[PDB]
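# Next input, structure requested:
(chains A, B and C, ligands or ions: 1)
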Amino acid sequence: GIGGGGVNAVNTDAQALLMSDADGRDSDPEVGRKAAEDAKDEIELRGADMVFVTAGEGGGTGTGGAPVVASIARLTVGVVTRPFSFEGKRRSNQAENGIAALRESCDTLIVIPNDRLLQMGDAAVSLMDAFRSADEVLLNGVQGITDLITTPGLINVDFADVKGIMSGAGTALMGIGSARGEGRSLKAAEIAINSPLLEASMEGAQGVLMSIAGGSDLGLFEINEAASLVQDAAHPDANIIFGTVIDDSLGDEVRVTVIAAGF
Amino acid sequence: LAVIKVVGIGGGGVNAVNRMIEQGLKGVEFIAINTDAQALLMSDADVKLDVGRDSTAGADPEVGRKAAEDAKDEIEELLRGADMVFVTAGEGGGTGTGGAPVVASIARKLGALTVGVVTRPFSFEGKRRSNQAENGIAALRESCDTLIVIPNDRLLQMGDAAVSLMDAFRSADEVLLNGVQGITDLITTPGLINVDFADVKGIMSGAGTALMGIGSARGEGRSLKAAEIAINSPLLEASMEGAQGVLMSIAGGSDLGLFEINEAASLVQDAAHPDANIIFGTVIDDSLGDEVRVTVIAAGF
Amino acid sequence: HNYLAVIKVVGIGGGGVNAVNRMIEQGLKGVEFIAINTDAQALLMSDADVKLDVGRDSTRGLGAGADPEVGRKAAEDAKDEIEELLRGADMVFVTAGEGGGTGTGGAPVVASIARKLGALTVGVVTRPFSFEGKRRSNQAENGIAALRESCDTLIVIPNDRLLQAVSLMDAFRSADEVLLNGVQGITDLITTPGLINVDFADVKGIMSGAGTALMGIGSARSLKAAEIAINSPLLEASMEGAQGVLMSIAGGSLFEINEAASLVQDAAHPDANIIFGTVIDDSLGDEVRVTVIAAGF
Ligand SMILES: Nc1nc2c(ncn2[C@@H]2O[C@H](COP(=O)(O)OP(=O)(O)O)[C@@H](O)[C@H]2O)c(=O)[nH]1
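Numbers count the residues shown, from 1 in each chain, chains lettered A, B, ... in the order given. Let me share the structure:
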C-alpha cells in the first residue's frame, strides 16, 4: 500500500521500498507529492487488466500519497483502512481528504474500518494486530474478487462481470465470514451479511458480488444454499454475481466473501 | 384415442424431450423447437422446427418471443387438430422463456388442452436468469391452462449428495418428463381403472399454477409409502393442503391391487383441501414389477 | 465333532422377500434363504435359495387385499411344503413386515412349523408405519401377537421410530435392513466367528423361551463406537432390566473387544446373563458392527 502504514501488509522512505516481495529515498500526508508523485504516463496497464491499492490510512503517505494511484487512469478498486478510534484525532483529521480522491479519481473503494474490526480476533490485541490481524480482512476485499477470475472452480465468472458491475462504483463495502462443520456455506453467508463491516447497508446497494470458496469437495448443493441468501437479502431488484472458488488449503472451511456497490 | 403431441421449446426443453424419448414415453409425438438449427441435429424429435433469422435467442427472451411469432404459422401447422398438446421448456434463457407463451397460446387457440411443464432456474444459475424466467412463468400461466412449474432449487435436496452440472440438469431431465409421463400414461396406457381424456380435461382445464410430486416404493404397504412420499415431495411446497383439483395416478404392474389403488388414493384426498376435486387413474407399466409409482398433481389455489 | 449349524431364514410376503434379497445383496452367508409369497411375479425376481408359491394366483385387481386370514390360510394350506423346506433345520429365522396380509398371517404358521420340527425359531419383524393407517397397525398387532406366541424369540422393530420427511423416503426400503442386522446379529456369530467364537449352544440358552426381544447397532475406532448401540431408541431404553442379553462385534481384530465389554454389563440387572462374541467380516475398514440383542422379560 502506497503509504507509511500500507506497505506493511502485502503477503518516499529509503528503508521501506526495500521490502517489496516481488522482484524514493527522502521521507505527514503531503509527503506523497515531490517524493512520491511521478509522471503522467507510468502504465504504458501493460501485462494485466487490474492491480489493487492496499493503501489504507495508518501511516505516512496514506492520505496525500494514496490517491497517486487513483488518477492512474481517470479499472482499479482500492482496499483501504479507516484508522482506529485511539490512533488520535490527527489521523482522523486525515480521513476524508485521504479517501476523497480515492472516491473521485479512483473507480471504487472498499472503506474497511479497523475501528469496526474490534470484533475480529479474541478479546484484546495491539497496534501490531492492526496491520497483521487486519491483514486477513485487508486481503479479503482484494482476494475475494480476484479469485473469481484467477481461481474459480465449480462455478465461473467473466472478466467483464466484476468489471461490468464494480466499475466506477465509488462508495463500496464488503462483509466476510467463515465456517466449518455442517451448514458451512449458509452458516458463513449468514455471518457474511451480519458482519460488523457492511454497516447493515446491503439493501441500499444496487449490485453485490458474492464470492464463496473451500475445497473441490465443496458441493454443488451447499453453493445453492448461500445463493438464495442474497435473492431475499439485497434489494429485490439488484445486479448480483455469484461464483465459486477453489482453495484446498481450507479443506473443510468455506470463505464466503460478499462485496457491495450501487448506493 | 387421443392425439398427444409433446413440444420441447428451449434448449432445455429440446434436451429434456430427448430424455423422454430415451425413456420410451409412449403415446406422444415429439417436437423440438430451438433457435440454433445446429442444436436440433442432436435432437431425436420426430419433428424439429428452426426459429432464428439472426441472433449474433441470445439470452434475450424478446428475440425468442419474436422468433416464436415469426414462425406462428409453421407451428400452427405442426399443432393442427390434436386432442392433447404439451409445451415443456427451461425458463431462464430466451428461446424457451419467450417462445412458450406462443406455441402454447397457439395450441390453446387451436382448442387443444394445453399443458405446460417448465422449470425455474437453479439460483446458482445466476440472478438474471431467475428474473428472465420469472416474467416468463407469469407469461405461460396467463396463456396455457395448466402450468406445472418445477423449481430446480427444490430438486436438489441433500439426499442427492455430491452431484455435478451434467447430473444436475439430468435430475431435471427426468423431472420434466415426470410431469408429462404421469398425465399421459393415464390416457395412453391406462391400466385397470380407465380415466379417459375427458376426465383429465375437466380437472386440468383453466386451472394453472399446478404443482407435482413423485414417489415410488415396494414391500409391505408399498402403495401407501410410494404415495406418501409423492405427497411430501419437496417439489410441491406444502401445497397439497389447499389444491381445489388434484390429478393422481398409481402406475404399476398389470396385477396391481384394488385394495392397493384404494388406500393410496385415500391417502391423497386427505392431504388435499376437503372440498377438492380429485381423480384416480391407474396405469400399466411392467418396468416396475414389484414396485409402484404415484404422481399427484395439485392444481388451483 | 462336525461343527455345522443348519440355519435358514424365511421371508414371507413382499416385506420378508424384499428383506431376504436385501440380505442376499449385502452379503450374509452360512444360511439357506427362502422366499414365500402369493404373487409369483415377485418370487421369480427374488434371488432366494428356495422360493415357494403358497397363495392361489389371483386375477387382475384382487388378491393384494392384505387380509391376514388369507395368508394364514395360504401356509396352513401348503403346510406340508413348508415342513419339508425347513426339515432338519437347526435354527429358523422368520422375517416379515407386519401390517400386511401374506407375511402378517404367514409368519405365524411357518414359525410354528419350525417349532414342531424342533428348530430354535426366531422372528425378526417390523411394525408398520404410523401413516399406513389404523387397519394395518391393527392387523400388525395381531400378527405380532401370534408370532410372539409361535417363535421362541421375537424381535419387534417399529418402522415409525426408524424415521426421525423429504429424504426419509430412503428411510424405509434402505432402513428395513434393520431386519438383516437383526438376523446376522445372531447368525454371523456361528457362521463366521472371530477371535472369540460362541457357537449355536451359547445362543440356544439365551433365546429358547424368551418370547420378547429388542435390538440396536453401531457403526465406527471401536472405543468411540460402543455407546452407540445401547442408547439407540430402537432398544426402547429397555436395558433397565433385559434379563438375557447378546452382543457381537465384526471386523479385523482384544483391546478393541474389551473396550465395549467393559460397558455392556453396566446397563441392566447383571444377576441375569450376558454372552459376548466376535465376527470376521472384512467388508469394513475403520467401521466395526456393534449389534446388541436384549431378550428375556
Ligand atoms: N431440463 C433441463 N434443463 C436445462 C438443461 N440445460 C440447461 N437447463 C436449465 O434450463 C434453463 C434454460 O436455458 P435454455 O432453455 O437452455 O435457454 P434457451 O434455449 O435460450 O431458452 C437454464 O438456465 C438451466 O437452469 C437440460 O439439458 N435439461
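# So which bits of stretch A:221-240 are buried?
A:221-227, A:229-230, A:233-234, A:238-240 (16 or more other C-beta atoms under 10 Å in any protein chain shown). C-beta coordinates here come from the backbone N, C-alpha and C atoms, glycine included.
# Could you tell me which of the residues you listed are located in helices?
Using DSSP state H to define helices, the subset of the buried residues of stretch A:221-240 located there is A:221-227, A:229-230.
# Of those, just say which sits nearest to residue A:185.
Of all those, residue A:185 sits closest to residue A:222, with 3.9 Å by C-beta to C-beta.
# wait, that closest one sits on residue A:188?
No. Contact criterion C-beta atoms under 8 Å: residue A:222 and residue A:188 do not qualify, at 9.9 Å.
# Need the residues touching each of those two.
Listed as contacting both residue A:222 and residue A:188 by C-beta atoms under 8 Å, 6 or more residues apart in numbering or on different chains are residue A:254.
# can you map out the strands along the stretch 1-150 of chain A?
A:77-82, A:108-113 (DSSP state E, counting those that start in this stretch).
# among the ones in helices among the buried residues of stretch A:221-240, which are within reach of chain C?
When those are checked against chain C using C-beta under 8 Å from any C-beta of the partner chain, none falls in range.
# And residue A:201, how far from residue A:78?
Distance, residue A:201 to residue A:78, using C-beta to C-beta, to the nearest Å: 19 Å.
# and those two? which has more neighbours close in?
For residue A:201 versus residue A:78, the count of surrounding residues by other C-beta atoms under 10 Å in any protein chain shown is larger for residue A:78: 28 against 12.
# Specify the beta-bridge partners of that one.
residue A:53, residue A:109 (DSSP bridges).
# residues in contact with it?
Contacts here follow C-beta under 8 Å, 6+ apart; on that basis residue A:78 touches A:52-55, A:66, A:69-70, A:102, A:106, A:108-110.
# again, but for residue A:85
residue A:115.
# rewinding a little: tell me the one among the ones in helices among the buried residues of stretch A:221-240 nearest to residue A:148.
residue A:223 (13.3 Å).
# May I have the phi/psi pair for residue A:193?
phi -90, psi -30 (degrees, to the nearest 10).
# one step back: and the contacts of residue A:78 as CSV, adding distance to residue A:251 and neighbour count?
Putting the contacts of residue A:78 into CSV (distance: C-beta to C-beta, whole Å; neighbours: other C-beta atoms under 10 Å in any protein chain shown) gives the following:
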residue, distance to residue A:251, neighbour count
A:52, 27, 19
A:53, 32, 26
A:54, 27, 23
A:55, 33, 31
A:66, 37, 31
A:69, 36, 24
A:70, 39, 23
A:102, 36, 25
A:106, 36, 26
A:108, 32, 21
A:109, 33, 22
A:110, 28, 27
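# still on that earlier bit, would you turn the buried residues of stretch A:221-240 into CSV with distance to chain B?
Listed next are the buried residues of stretch A:221-240 as CSV, based on distance: C-beta to the nearest C-beta, whole Å:
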residue, distance to chain B
A:221, 5
A:222, 9
A:223, 5
A:224, 5
A:225, 9
A:226, 9
A:227, 4
A:229, 10
A:230, 8
A:233, 11
A:234, 9
A:238, 8
A:239, 8
A:240, 4
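# tell me the two of these that are most distant?
Across the buried residues of stretch A:221-240 (C-beta to C-beta), the longest gap, 25.3 Å, separates A:221 and A:239.
# Check the gap between residue A:58 and residue A:91 for me.
7 Å.
# Which parts of chain A belong to which domain?
A:1-168, A:169-263 (CATH domains of a matching chain).
# Run the contact check for the shortest one versus the ligand.
No. No part of domain A:169-263 sits near the ligand under the criterion C-beta under 6 Å from any ligand atom; the closest distance found is 11.5 Å.
# Measure how far that domain is from the centre of its chain, please.
14 Å (C-alpha atoms, centre = their mean, to the nearest Å).
# Noted, bye for now.
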